[PDB]
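> next input, structure requested:
(7 chains)
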Amino acid sequence: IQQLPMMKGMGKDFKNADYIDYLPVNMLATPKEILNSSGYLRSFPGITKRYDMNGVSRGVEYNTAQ
Amino acid sequence: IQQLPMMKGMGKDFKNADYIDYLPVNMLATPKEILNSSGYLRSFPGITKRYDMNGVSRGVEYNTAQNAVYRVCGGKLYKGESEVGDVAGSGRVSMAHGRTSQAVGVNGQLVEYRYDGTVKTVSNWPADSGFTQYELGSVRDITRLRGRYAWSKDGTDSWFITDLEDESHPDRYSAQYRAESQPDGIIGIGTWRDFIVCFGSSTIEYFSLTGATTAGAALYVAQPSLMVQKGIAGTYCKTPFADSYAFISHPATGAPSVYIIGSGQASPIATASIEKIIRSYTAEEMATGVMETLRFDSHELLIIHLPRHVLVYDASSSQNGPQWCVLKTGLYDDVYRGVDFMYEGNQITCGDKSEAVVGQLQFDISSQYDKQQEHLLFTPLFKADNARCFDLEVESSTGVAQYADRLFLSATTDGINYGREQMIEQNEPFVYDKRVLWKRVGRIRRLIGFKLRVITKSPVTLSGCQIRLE
Amino acid sequence: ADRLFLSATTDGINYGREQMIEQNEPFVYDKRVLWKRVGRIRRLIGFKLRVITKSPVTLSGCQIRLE
Amino acid sequence: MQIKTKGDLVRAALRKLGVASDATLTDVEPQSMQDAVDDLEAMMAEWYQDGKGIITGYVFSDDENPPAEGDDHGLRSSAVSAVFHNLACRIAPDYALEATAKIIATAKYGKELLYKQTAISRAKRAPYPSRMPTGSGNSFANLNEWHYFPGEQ
Amino acid sequence: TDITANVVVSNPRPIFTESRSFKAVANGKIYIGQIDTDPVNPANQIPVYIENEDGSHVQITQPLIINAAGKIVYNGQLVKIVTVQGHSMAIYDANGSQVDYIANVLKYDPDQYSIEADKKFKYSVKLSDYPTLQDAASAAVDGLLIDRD
Amino acid sequence: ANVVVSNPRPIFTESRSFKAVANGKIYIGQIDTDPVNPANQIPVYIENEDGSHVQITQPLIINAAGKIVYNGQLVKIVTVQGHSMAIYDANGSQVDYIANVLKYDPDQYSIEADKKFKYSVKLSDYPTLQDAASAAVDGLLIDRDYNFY
Amino acid sequence: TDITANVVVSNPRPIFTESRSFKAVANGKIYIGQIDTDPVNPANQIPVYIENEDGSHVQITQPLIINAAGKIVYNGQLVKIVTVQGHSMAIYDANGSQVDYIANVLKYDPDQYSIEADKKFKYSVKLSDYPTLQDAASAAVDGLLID
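Numbers count the residues shown, from 1 in each chain, chains lettered A, B, ... in the order given. Dropping the coordinates below:
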């Protein structure tokens, strides 16, 4: 019985035959000391529409005075 | 033979299927190197009625000049058992004693009482005197450094000071000070080792006094090497803990979370599950969260009175990771009873939040007033396939009970909902040696986790759970 | 009941066939996600775990009986 | 006898194996009970051999009645201690368990006691051969012209 | 007379038995759906909750499983099932036949005049029958009538 | 999440043993009277799932399971007045006698309540306001926050 | 036709049966206590009243006996044993083995709706029911209505 890590996967690219690791797309990594392993992988939270605005976002800043 | 730790139990929630651990309900953790394990779990002490007072607790502070405990405790002020004065206003108040006056600071004005028997209020100097005549505002918090007070104007960068010879007027020449690295209101104020700590919405800044010997020239100068760069969520989310303040982060930063101030930075002390609980409240609800510190025996507790949670952090027992606990009164989910804990004489006097009464902690009884209480313990999930558990034997210490109270245990296969509840007696009124065990637990298909519900009004001690796995 | 796609590489660049296993059920809190046969590996092998859902995805611990 | 039904046999076998009983915290899912009672029916069908093999009071379920667990089994009181022991021995490979040597010895003893009475009852001696004369001492079958034995027929 | 005594002590775990004979249904599926609909079709089903000790209601898959005892069972253990009142019930055999089908379980109520009577009247508590004022006030809906005591 | 899921079908068993009262007879008679003699009984009615009603002979028959059966299918029996029921075994013994299934009489009390109570209706029970006002007399309540359109 | 429907024929007696089997608890005991408590101790038990054929209540000791059929027996078979509020049941078997323990149970008594209706509703005798006004006023209590 062998355990295979999934937090990061190795590989190679066909362009120049170099070893590049494949990052796990769209899911986070959390260490929590799970039943038999140390850490579990959970997907990124999903977006839901809240308001309708004028256009594409261009800036943000959390005003502290108000 | 395997041993199952019960100081903290893992699980999952049915809402979004995430692994969140179950904190032990209403039971503390103490490492003491017990017979075969390292540490035992003991129930929280029970409350017993001591005095009858006007209303629910609203503030407390241990006067050092006079060896007595002051508490408003609802409608009108109390010193120990005596009355000595009347206070106006409903809510929560911030107290800061002095060497001539007490000071309560209700509403938006610094009402200060006097040991002589008179009441005074902080206000501008008379115009006939010919002084600088500041523009005072509403007050939020109060403190005292050296021989003078210090309060913060509501919703503004300014925090004022108090004169020496007369402690009822701001000052003669210099009393206007401001915080002002960043534009943020002063949520709270406090003192720490001759530094006036000004808790902003986004930053924390330290002020140290300097020898002026001049008319109105910068009595206090801000120290910039000790800035923390994090705010506090609410007015009362701060305490004297260890040598730091241990606040709760403001929503201005990334997310609310408990912290502890270091030399010049804040170090978190809250696990992810605790921050999940903190995020459950809205911004307005979080601002009404009280914090305290209580130390009995070798313990050092940090109690957070959230609207629906009474989370408790035990510093001494957190050898390997934080050790959080939650307290509750009723058999069902309910907020804990008893707001303010203070050490008077050789006993601890707890307040109240739903009754007009005050009570003291007692160690040989586990019931608040005269009602039984619930204690829970959770074993973390284990993954063993096709095994059969037989001898689950927890080790209790008995002989201080009034009736042969029983214990409920159950098992989970999916980690969310529990099976049948088996009744085993775990305590006998005057038997000091007995075994608490269950002879058959049966096969486990994929995974299993246990539970140890106990309903008593007598001290409960459990230390070391072992099961014969095959 | 969303499904999971898994596949294997022998050279580490391009993948083989995609096998479909369901990894989630709307209201079942206890189930196994496994494949019973993977077969001989000649020189080297690596895996992949495509998942296409609109529901939370949690995976923790992949083990293979090596012989 | 408290073991009247087939489900009682299955539960006794499970208790003997230690998998589950009345005092256990976790219990077995009903489909496993269905599989176990099907295995019991198959095992009992294999011993009977249709009248030729081991003969014991047993009624096979009809299918017109849906639940085969609930209906009673015509087992006499002596056969119960053998039947569920053998059932528990056979169910062990279904799980990862292996039956204890005591259970194996008890099953052996039980099957031996099941078959001993039938073995005694079936030990019969064949009649005389066809070409076997009856002597002159009978004096009646000899005088009735019936000198030779009839035969096995 | 002695007290209100509105709660009856009865069996807290339902028992499902066969129709043609007298035996508990073993491994028999149960489907619950809306009024006057077929619960077999998944479109007509309604949520079904397990009520644990804590009071948290956890939803599970619609086909409930019965054990050899005739009681609803989840993963080998008995559970308490709570749903919104007014649900059609369809009990199915393990083989796949139909044992019972109930269009609306509220009709199988010993007193059905109560349902019609509750609709066409207003509720008004009288201080006469109740001993104290607080008891009448607690159980008071839509006004009261002040009488003696 | 209000009502526990339970079997509403009536199962009739013995009083001194666990049996199914095979082939028993149930008599539905007049209130607080002996229903065996043909003198004092009340009509009984089948209530199908759709809502039709059919007349039925007095000696109700019990199936082998213990459930009331007419012809070859299970049935639900409804009577208009209050009744007293007496269950007998196949051999003629008495299993149980209930003088009052319900302590009051639905018919006479229904007439009296029609005489002596206010005929006002509420909005909560009726989905739409027009449907409520259609069957409402002498008053209406507007209980829930009805949406305009 | 479609006649009015008022009552349905039903069995008014409950049966307590063994879990994991289809046997009836021979002579076990049923303890009634508060919601999440242990019903065994006297402190957690709540009063239990018999409900006779005529409306009346007789209080009895908490441990309830069960006959062979699985129905609560007392001396002869006892009627509806009505308690108050929501209780927790801990059924025991004959030899003191726990059959089942349940936390929260609540089932309302279906009989005697007449008393509840009398205590619930408003009195208005109206005028259409009575021929004349004087007799209507004679039986009118706390209200009256016209045509």
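
> quick one, strands of chain E?
E:7-8, E:29-33, E:49-51, E:57-59, E:64-66, E:72-74, E:77-78, E:81-83, E:88-92, E:98-102, E:125-126, E:144-145 (DSSP state E).

> do you know which of these lies nearest residue B:177?
strand E:57-59 (55.2 Å; CB to CB). Bear in mind the C-beta positions are built from the backbone N, C-alpha and C, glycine included.

> close to chain G, is that closest one?
No - using CB under 8 Å from any CB of the partner chain, strand E:57-59 stays clear of chain G, coming no nearer than 12.2 Å.

> who does that strand pair with, and is each partner parallel or antiparallel?
Strand E:57-59 has the following sheet partners, assigned by DSSP bridges: strand E:49-51 (antiparallel).

> ok, for residue 3, nearest residue in space, not its chain neighbours?
Using chain A. Of all residues not flanking residue A:3 in the chain, residue C:63 sits nearest, at 4.9 Å (CB to CB, 6 or more residues apart in numbering or on different chains).

> ah, I was thinking of chain E
Nearest one to residue E:3, counting by CB to CB, 6+ apart, is residue G:84 at 6.0 Å.

> possible to save the strands of chain E as a markdown table with mean neighbour count?
Formatted as a markdown table, these follow (neighbours: other CB atoms under 10 Å in any protein chain shown):
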| stretch | mean neighbour count |
| --- | --- |
| strand E:7-8 | 19 |
| strand E:29-33 | 21 |
| strand E:49-51 | 18 |
| strand E:57-59 | 15 |
| strand E:64-66 | 21 |
| strand E:72-74 | 22 |
| strand E:77-78 | 20 |
| strand E:81-83 | 18 |
| strand E:88-92 | 21 |
| strand E:98-102 | 17 |
| strand E:125-126 | 22 |
| strand E:144-145 | 16 |
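
> could I get those as a markdown table with distance to residue G:24?
Shown next, in a markdown table, are the strands of chain E (distance: least, CB to CB, whole Å):
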| stretch | distance to residue G:24 |
| --- | --- |
| strand E:7-8 | 19 |
| strand E:29-33 | 23 |
| strand E:49-51 | 26 |
| strand E:57-59 | 31 |
| strand E:64-66 | 18 |
| strand E:72-74 | 19 |
| strand E:77-78 | 17 |
| strand E:81-83 | 23 |
| strand E:88-92 | 22 |
| strand E:98-102 | 22 |
| strand E:125-126 | 43 |
| strand E:144-145 | 48 |
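
> which residues of the chain fall in strands?
Just so you know, I chose chain A. Counting by DSSP E, the strands of chain A are A:2-4, A:27-30, A:40-43.

> just those strands: most buried one?
strand A:40-43 (a mean of 18; mean count of other CB atoms under 10 Å in any protein chain shown).

> partners of that one, with directions?
Counting by DSSP bridges, strand A:40-43 is paired with strand A:27-30 (antiparallel), strand C:58-59 (antiparallel).

> nearest to residue D:89, out of these?
The nearest among the strands paired with strand A:40-43, by CB to CB, is strand C:58-59 at 40.1 Å.

> so what touches the closest one?
Strand C:58-59 is contacted by residues A:6, A:40, A:41, A:42, A:43, B:17, B:18, B:19, C:23, C:49 when judged by CB atoms under 8 Å, 6 or more residues apart in numbering or on different chains.

> next, the buried residues of stretch D:39-50.
D:39, D:40, D:44, D:47 (16 or more other CB atoms under 10 Å in any protein chain shown).

> is the last one in contact with residue D:55, as I believe?
This means residue D:47. No - judged on CB atoms under 8 Å, residue D:47 makes no contact with residue D:55 at a distance of 9.1 Å.

> tell me the contacts of residue E:15?
Neighbour list for residue E:15: E:24, E:69, E:70, E:71, F:7, F:11, G:15, G:17 [criterion: CB under 8 Å, 6+ apart].

> just give me the neighbour total for the residue of chain A at minimum distance from chain G.
With CB to the nearest CB, the shortest gap between chain A and chain G falls at residue A:35, namely 28.4 Å. When neighbours are defined as other CB atoms under 10 Å in any protein chain shown, residue A:35 has 18 of them.

> just residue D:135 next, same as before
9.

> work out which residue lies at the spatial centre of chain E.
With distances taken as CA atoms, centre = their mean, the residue of chain E nearest its centroid is residue E:85 (6.1 Å).

> separation between that residue and residue E:109?
11 Å (CB to CB, to the nearest Å).

> same thing with residue E:146?
35 Å.

> which two from the buried residues of stretch D:39-50 end up farthest apart in space?
Farthest apart among those by CB to CB are D:39 and D:47. That separation is 13.1 Å.

> need the residues of chain D near chain B, please.
Residues of chain D lying near chain B (CB under 8 Å from any CB): D:18-21, D:23-28, D:95-97.

> how about a cut-off of 7 Å?
D:18, D:19, D:20, D:21, D:23, D:24, D:25, D:26, D:95, D:96 (CB under 7 Å from any CB of the partner chain).

> look up how far chain F lies from the third one.
So that's residue D:20. 24 Å (CB to the nearest CB, to the nearest Å).

> and if you look at the fifth one?
To chain F, residue D:23 is 24 Å away according to CB to the nearest CB.

> give me the number of residues near residue E:97?
10.

> now, the residues of chain D next to chain B that are in helices?
Using DSSP state H to define helices, no part of the residues of chain D next to chain B is located there.

> if you rank the residues you listed by neighbours, which is first?
residue D:24 (26 neighbours).

> grab the nearest non-local neighbour of it.
residue B:442 (3.3 Å).

> show me what the one you found is bridged to.
Once the bridges are assigned, which here means DSSP bridges, residue B:442 pairs with residue B:389.

> check residue E:33 too.
Bridge pairing for residue E:33 - DSSP bridges - gives residue E:45, residue E:88.

> helix or strand for residue D:83, which one?
helix D:80-91 (DSSP states H and E).

> of residue E:146 and residue E:109, who's got more company?
residue E:109 (15 against 9).

> how near is whatever residue of chain E ends up closest to chain A to residue D:26?
Residue nearest to chain A within chain E: residue E:75 (17.7 Å; CB to the nearest CB). The gap separating residue E:75 from residue D:26 is 8 Å, by CB to CB.

> again, but for residue D:121
Applying CB to CB to residue D:121 and residue D:26 gives a distance of 46 Å.

> please look at residue D:75 and residue D:59 and confirm they touch.
No - if you go by CB atoms under 7 Å, residue D:75 and residue D:59 don't touch, sitting 9.2 Å apart.

> among these two, which residue is more densely surrounded?
residue D:75 (21 against 12).

> relative to residue D:30, how far out is the more buried one?
Here the distance between residue D:75 and residue D:30 works out to 23 Å (CB to CB).

> now do residue A:6
36 Å.

> now do residue E:102
23 Å.

> what does residue D:80 give?
23 Å.

> for residue E:143, same thing?
Counting by CB to CB, the gap from residue E:143 to residue D:30 is 54 Å.

> likewise residue D:38?
13 Å.

> of these two, which one has the most company?
A direct count of neighbours by other CB under 10 Å for residue D:38 and residue D:30 places residue D:30 higher, at 20 against 11.
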